[PDB]
Amino acid sequence: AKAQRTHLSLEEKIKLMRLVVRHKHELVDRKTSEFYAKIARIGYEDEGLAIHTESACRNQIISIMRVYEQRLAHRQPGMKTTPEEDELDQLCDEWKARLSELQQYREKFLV
DNA sequence: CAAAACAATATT
DNA sequence: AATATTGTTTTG
């Protein structure tokens, strides 16, 4: 997680996503934020990332997606395989699936 | 030099 | 209100 000041991000990104996926099942209709509001809570009370806010919990995770989709279409030569990058990719895929599953439900309700 | 990721902002 | 985005900072 880049941030204003940090030593290693790639590590933080994985740690953050490692929590979202582990809590992808958790979800409340009453309050959507109730989710991201919990991730930033356990992400700073266990991972010790630093400081995050509900809103920030929606921008950070969101940003990681844009990159995941961008580097997903690239699939171009000139890059080497890595364990860290591989894990992050897997975590993103799992999280992406959960988001899609929830979206499908919406379509069922309407049309 | 360039891309990635955050944190806040712009747009719907 | 919710999301991708936009500006700035960090990583590569």
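Readers should treat all values here as calculations from the given coordinates under stated rules, not as data from a laboratory. Ideal geometry is used to build each Cβ from the backbone, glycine not excepted, and the neighbour counts take in all protein chains shown.
See the values below:
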quantity: Checking A:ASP89 against (1) closer than 25 Å to A:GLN103 by Cβ; (2) loosely packed, with under 12 Cβ neighbours inside 10 Å, the condition it does not meet; calculated: (2)
quantity: Single match in A:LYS31, A:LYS80, A:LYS24, A:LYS38 (criterion: among the basic types (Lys, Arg), touching a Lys or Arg at 6+ places or on another chain (Cβ under 9 Å) and more than 11 Å from DNA strand B (Cβ to nearest atom)); calculated: A:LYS24
quantity: Test: residue in segment A:77-100 that is in a helix (DSSP H, G or I), touching a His at 6+ places or on another chain (Cβ under 9 Å) and hydrophobic (A, V, I, L, M, F, W, C); calculated: no
quantity: Considering residues of segment A:48-67 that are over 10 Å from the mean Cα position of the chain (by Cα) and part of a helix (DSSP H, G or I) only, the residue surrounded by the most Cβ atoms within 10 Å (Cβ to Cβ); calculated: A:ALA56
